[PDB]
Amino acid sequence: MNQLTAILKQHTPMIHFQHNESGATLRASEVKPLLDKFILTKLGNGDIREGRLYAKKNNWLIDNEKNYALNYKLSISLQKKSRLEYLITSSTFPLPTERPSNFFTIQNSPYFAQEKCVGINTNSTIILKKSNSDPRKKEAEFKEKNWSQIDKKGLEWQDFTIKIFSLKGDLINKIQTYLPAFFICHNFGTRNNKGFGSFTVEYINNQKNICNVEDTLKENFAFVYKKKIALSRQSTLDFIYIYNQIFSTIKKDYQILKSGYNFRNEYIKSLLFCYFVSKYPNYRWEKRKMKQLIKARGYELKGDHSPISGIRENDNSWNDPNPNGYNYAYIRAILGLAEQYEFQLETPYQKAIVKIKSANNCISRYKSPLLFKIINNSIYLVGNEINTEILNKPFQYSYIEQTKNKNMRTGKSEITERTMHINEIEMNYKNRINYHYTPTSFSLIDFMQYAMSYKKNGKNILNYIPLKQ
Amino acid sequence: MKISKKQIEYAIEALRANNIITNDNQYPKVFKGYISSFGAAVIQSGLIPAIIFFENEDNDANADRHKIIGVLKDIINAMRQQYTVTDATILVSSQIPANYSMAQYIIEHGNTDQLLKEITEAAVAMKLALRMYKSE
Amino acid sequence: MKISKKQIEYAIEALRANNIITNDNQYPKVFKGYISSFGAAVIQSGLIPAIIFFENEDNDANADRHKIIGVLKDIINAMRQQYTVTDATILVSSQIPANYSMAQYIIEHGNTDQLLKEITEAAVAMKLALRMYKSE
Amino acid sequence: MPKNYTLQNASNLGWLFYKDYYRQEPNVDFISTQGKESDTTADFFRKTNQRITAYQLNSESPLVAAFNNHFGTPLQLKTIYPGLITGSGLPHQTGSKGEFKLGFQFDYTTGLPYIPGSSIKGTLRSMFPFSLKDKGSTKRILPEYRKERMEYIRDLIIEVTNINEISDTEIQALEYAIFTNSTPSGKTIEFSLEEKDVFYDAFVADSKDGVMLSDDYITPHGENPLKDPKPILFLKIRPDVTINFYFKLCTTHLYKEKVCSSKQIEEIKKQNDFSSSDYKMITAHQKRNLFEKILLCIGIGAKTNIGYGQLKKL
RNA sequence: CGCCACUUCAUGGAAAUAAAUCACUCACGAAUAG
């Protein structure tokens, strides 16, 4: 056969930039290159080059010398045009009372972009408002135009079609073999690594697909980690509630991984931090690295406890580390590169900002090396090893002080660029591990062999069942 | 349209002057595509867009792509050097300043047809002169 | 432009010399079109652009189109020989060096009237002499 | 001027996209490197792009009605949402921010977006077995190419017309008659003026409740996954837009393995020797059905492997 | 729970390639000489 007409199911909503069309669905611009890479990787039995030679011999390549592209036609079309449109933010806000049926809110999500659309601004989709009965418990209002002008919407549709056309039959047979694994392994969308890309294929050519998610995850990923989330009754009602629990749990766990949780009242240390301070106990935080020089001049930061040193115990040290010295590297770069760090000064009146750049303009990006896969309400955390190109590379930190003023006849103006004149530790303050030069000798596979085994009472912080490790 | 041998001579001299033809009479292979793309952009988009695109030096391209605009200016200067007094009353015979931006020169001088004809002449001359050489 | 038998023999020798005619008296079929189109290119585009187009060796042509320029140079050189040398003769009986390409020679030596006539007659002789062989 | 692109009050879309696009305003800079990245240039190009994508086309538009009168009845299909892209390789960029970096195909006189008939002809022929020339750099690809295309076109022909058996020679003759209007081995056939397949320019015919042009992003993430990707902006034909495909097709007569004209086929039928097992016919209606099925299978335009320019029935 | 952004905005390839390069008809006809 020359055509593959697959019907696939949506598990988690997709964040789509071109949502203004009712025909908005999966973009094959993401599927086709990733599917080509996956197919060639499977052809070479794990190696992309061997698979490229395989496709070269069988004449499946558009070009035999330049690129990875395979010769087939990808088409993704919606069968039923009804869409469930979601608003995705980072914080939790009161729900509106007047609300279209298509509109649901996944408030506590890893996707932290477009956080200002739930503000008091006139350009916010849901405008917050003071309550009259209680001078708390903010009120919610819905603006139709603002919801129409949003950059990105979380969309969920019914079963739709992905059509694969080629005149090469053997390529179609191998595509049929590997497509369920491809969709079970890859996520598509914005912040898709955190779970806004989850799809599974149900019917391939009008035939049901018995493809075990666990086995495919075991095959194509270095480590696969299952977490059984307590589905409190329901399971037949409020898929919105299910999504809220799932994404709040993901935000919980991933904030636990590379950072702490200074929220309500319970403190659990960053396991990314705890890994480096334990293995060869020299590498410490970039955050504590940053906060050290801010207090080197008079600038009191909000908080009651000093920055953490040591793996355990309730120790605090707003003082010298030790007579010898300490190792500082950009620990949080490997689990997702960041650019700008806000530090909350004691007075709300101003902020302090640290901004990061490659210091030679090489590493401007790093997608998180973790992938979150949610299939039929079960949470799986997967990942290969990190990219070693990020290891041992310096960075240049810009220290700025920013202040805001309360209206006075115009409005908010968070504009002060005093450009903090902190003394610098100096590049090459030590051998080239001082303040920069992302830490050498990291291992993601052993990082999660370490991450979810911690804390008193014996309960896993991330109550994950280790599947492949 | 017929390209004069004098125009080809000016193109050869300009290609050698703005370090495009090496001392071995060879040029990088990408410059032929550069010149063809410049001609296509000039006819399709216009003089201002094409000249702005190919005058850029922050372009991450595989070679010094502003060199064709430099060669263009050199050819036009050589063309304007041999203008007669009869031509100088109708045509702008002034020599284009070396440091001066070619796009800025075109814009400040309007969008006159004279500059468009000169640019097209020099582009075709660059094409032929590059064809005269070997591409290593 | 009457058929000049001596130029026809020159064309035969030059076609054999620049590896166009095989040992069996056959040539690549596309060369017919090359010879036919060279004259039109010279007339309606100019001698230098036509020579540059047909002298290029970076072409996407089905055969070695640059062989016809070598044959042209051989015919022209043969005509420079057997020139009656006298004080009154306009014709320059100086042979074109093999190291110089044909495009450079007309560029450096700026008396095109002789070169244009010689190139036109040599192209006519080329086209007339190509018909003695099989058009494979 | 605003919606409802008409011959009375509307700017030429091609003129806006190519000529008026890079116009010099008193306080707009895109010559220097600072100007191209500044938000003033971004706002200028945003306003231009809004003007481009603020036009609608009515179903009863006099332009499309004139097209229907000139080119016969249209074959109306609808646009899926990748969008539709044609003329993508045309040079349109200066290095600025917020500008369309890709070319678009606009009719010069009308300004309506269109697909040139050459594109339709090439796309339709690309799935016919003899769309590849031998050359000598093709030699390796040629055998497999013809085989798969023969099987595909054979199933399509058996689908669309009431013929239960076709051959490779018959497929060759049919393809050459349809596209080259000749025979596979050079020489021509004495065809009538009507007996000639013409592929007109496909036109946008109806933007029902929205505009016909949209803006879209392709972001090629580099071969270095640690460097910043490139957002590329371009102009696409909106989904759910009626594209009129105009053809002038005839009825093809195949007796034995050769293509026959109507004048020859009349005498062949009247001959005392005849074989219905050798006489095959493909009606112009069945030819249009075949072309429609090909178009539904593969689509039209650029980035079709990515999906752009795919259709359903209207 | 409260607050909040910075990024990135075209490169590489194809730049014409083949077919036809004149064909057929007329190439002197009458008158004046014998």
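Applying a threshold of 6 Å to beta carbon distances and a minimum spacing of six or more residues, or different chains, the list of pairs starting in the stretch B:28-50 at a residue that is part of a helix (DSSP H, G or I) and ending at one that is near RNA strand E (Cβ under 10 Å from one of its atoms) and polar (S, T, N, Q) reads B:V30/B:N62; B:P49/D:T94.
Comparison of D:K208, D:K196 shows that the only residue that is within 30 Å of D:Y108 (Cβ to Cβ), within 14 Å of chain A (Cβ to nearest Cβ) and away from RNA strand E (no atom under 16 Å from the Cβ) is D:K208.
Taken together, C:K117, C:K127 contain a single residue that is surrounded by 14 or more Cβ atoms within 10 Å (Cβ to Cβ) and among the basic types (K, R), which is C:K127.
The stretch C:61-136 holds helices (runs of 4 or more DSSP H) entirely within its bounds, and those carrying 2 or more residues that are on the phi < 0 side of the Ramachandran plot and within 14 Å of chain B (Cβ to nearest Cβ) map to C:102-108, C:112-129. Checked against (1) more than 14 Å from chain A (Cβ to nearest Cβ); (2) under 30 Å from A:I390 (Cα atoms), D:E257 passes all but condition (2). Looking only at the stretch D:123-154, which residues are without any contact (Cβ under 8 Å) to a residue 12 or more places away in the chain and under 22 Å from the mean Cα position of the chain (by Cα)? D:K133 - this is the single residue of the stretch D:123-154 that is without any contact (Cβ under 8 Å) to a residue 12 or more places away in the chain and under 22 Å from the mean Cα position of the chain (by Cα). Against the list (1) in contact (Cβ under 8 Å) with a residue 12 or more places away in the chain; (2) within 15 Å of RNA strand E (Cβ to nearest atom), the condition A:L271 fails is (2). Just to verify a result, which residue in the stretch D:155-166, among those that are touching a residue at least 60 places away in the same chain (Cβ under 8 Å) and within 14 Å of chain A (Cβ to nearest Cβ), is surrounded by the fewest Cβ atoms within 10 Å (Cβ to Cβ)? Of everything passing the filter in the stretch D:155-166, D:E159 is surrounded by the fewest Cβ atoms within 10 Å (Cβ to Cβ).
Beta carbons closer than 8 Å, at least 6 apart along the sequence or on distinct chains, pair a first residue in the stretch A:329-358 that is within 14 Å of chain D (Cβ to nearest Cβ) and of a type in the set (K, R) with a second that is outside any loop (DSSP other than H, G, I, E, B) and within 11 Å of RNA strand E (Cβ to nearest atom) for A:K357/A:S398. Selection of the stretch A:441-469 for residues being without any contact (Cβ under 8 Å) to a residue 60 or more places away in the chain and polar (S, T, N, Q) yields A:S443, A:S453, A:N457, A:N460. The set of residues from the stretch A:334-352 being near RNA strand E (Cβ under 9 Å from one of its atoms) and either surrounded by fewer than 16 Cβ atoms within 10 Å (Cβ to Cβ) or within 19 Å of the chain's Cα centre (by Cα) (or both) comprises A:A338, A:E339, A:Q340, A:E342, A:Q344, A:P348.
Selection of the stretch A:273-330 for residues being under 30 Å from A:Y366 (Cβ atoms) and basic (K, R) yields A:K279, A:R284, A:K287, A:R288, A:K289, A:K291, A:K295, A:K302, A:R312. Residues of the stretch B:55-80 being of a type in the set (D, E, K, R), within 28 Å of D:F106 (Cβ to Cβ) and within 11 Å of RNA strand E (Cβ to nearest atom), which ones? If the condition is that a residue be of a type in the set (D, E, K, R), within 28 Å of D:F106 (Cβ to Cβ) and within 11 Å of RNA strand E (Cβ to nearest atom), then B:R65 is the only one that fits. Only one of the listed residues (A:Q114, A:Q79) is touching a strand residue (DSSP E or B) at 6+ places or on another chain (Cβ under 9 Å) and within 15 Å of RNA strand E (Cβ to nearest atom). That residue is A:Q114. Which residues, taken from the stretch A:273-300, are over 18 Å from A:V354 (Cβ atoms) and surrounded by 16 or more Cβ atoms within 10 Å (Cβ to Cβ)? Answer for the stretch A:273-300, where residues must be over 18 Å from A:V354 (Cβ atoms) and surrounded by 16 or more Cβ atoms within 10 Å (Cβ to Cβ): A:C274, A:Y275, A:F276, A:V277, A:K279, A:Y283. The residue that is farthest from A:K9 (Cα to Cα), among those in the stretch A:67-76 that are within 13 Å of RNA strand E (Cβ to nearest atom) and touching a residue at least 24 places away in the same chain (Cβ under 8 Å), is A:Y68. Summed over the stretch A:1-52, residues that are of a type in the set (S, T, N, Q), touching a residue at least 60 places away in the same chain (Cβ under 8 Å) and within 12 Å of chain D (Cβ to nearest Cβ) total 6. Scanning the stretch A:154-171 for residues that are small (G, A, S) and more than 11 Å from chain D (Cβ to nearest Cβ) turns up just one, A:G154.
The set of residues in the stretch A:353-379 that are basic (K, R), near RNA strand E (Cβ under 10 Å from one of its atoms) and in contact with a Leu (Cβ under 9 Å, 6 or more places away or on another chain) contains only A:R365. Tell me which residues, restricted to the stretch B:21-38, are of a type in the set (D, E, K, R) and more than 9 Å from RNA strand E (Cβ to nearest atom). Within the stretch B:21-38, just B:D24 meets the criteria.
Is it the case, given these coordinates, that A:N64 is within 19 Å of D:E223 (Cβ to Cβ), within 16 Å of RNA strand E (Cβ to nearest atom) and part of a loop (DSSP other than H, G, I, E, B)? Considered against the rule, which asks whether it is within 19 Å of D:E223 (Cβ to Cβ), within 16 Å of RNA strand E (Cβ to nearest atom) and part of a loop (DSSP other than H, G, I, E, B), A:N64 comes out as yes. For the stretch D:108-132, a residue qualifies if it is in a loop (DSSP other than H, G, I, E, B), out of contact with any helix residue (DSSP H, G or I) (no Cβ under 7 Å at 6 or more places or on another chain) and either among the charged types (D, E, K, R) or within 15 Å of RNA strand E (Cβ to nearest atom) (or both), and exactly one does: D:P116. For the stretch A:451-469, the set of residues classified as outside any loop (DSSP other than H, G, I, E, B) and out of contact with any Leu (no Cβ under 7 Å at 6 or more places or on another chain) consists of A:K456, A:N457, A:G458, A:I465, A:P466, A:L467, A:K468, listed by residue number. For the stretch A:151-177, the set of residues classified as surrounded by 18 or more Cβ atoms within 10 Å (Cβ to Cβ) and under 27 Å from A:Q107 (Cα atoms) consists of A:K152, A:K153, A:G154, A:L155, A:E156, A:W157, A:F160, listed by residue number. Restricting attention to the stretch B:39-54, the residues that are touching a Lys or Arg at 6+ places or on another chain (Cβ under 9 Å) and more than 8 Å from RNA strand E (Cβ to nearest atom) total 5. In the stretch A:115-232, counting only helices (runs of 4 or more DSSP H) that sit wholly within it, the ones holding 1 or more residues that are under 18 Å from A:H11 (Cβ atoms) span A:169-185, A:213-220. Of the residues making up the stretch C:51-58, at least one is within 14 Å of chain B (Cβ to nearest Cβ), exposed (fewer than 15 other Cβ atoms within 10 Å of the Cβ) and under 30 Å from B:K29 (Cα atoms). Working only within the stretch B:3-27, note down all residues that are in a helix (DSSP H, G or I), hydrophobic (A, V, I, L, M, F, W, C) and facing another protein chain (nearest Cβ under 9 Å). B:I8, B:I12 - these are the residues of the stretch B:3-27 that are in a helix (DSSP H, G or I), hydrophobic (A, V, I, L, M, F, W, C) and facing another protein chain (nearest Cβ under 9 Å). Scanning the stretch D:1-31 for residues that are closer than 17 Å to D:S214 by Cα, within 14 Å of chain B (Cβ to nearest Cβ) and either without any contact (Cβ under 8 Å) to a residue 12 or more places away in the chain or in a loop (DSSP other than H, G, I, E, B) (or both) returns a single hit, D:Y21.
FYI, it's all coordinate maths here, none of it is from the lab. Here Cβ is always computed from backbone atoms with ideal geometry, including for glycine, and neighbour counts include all displayed protein chains.
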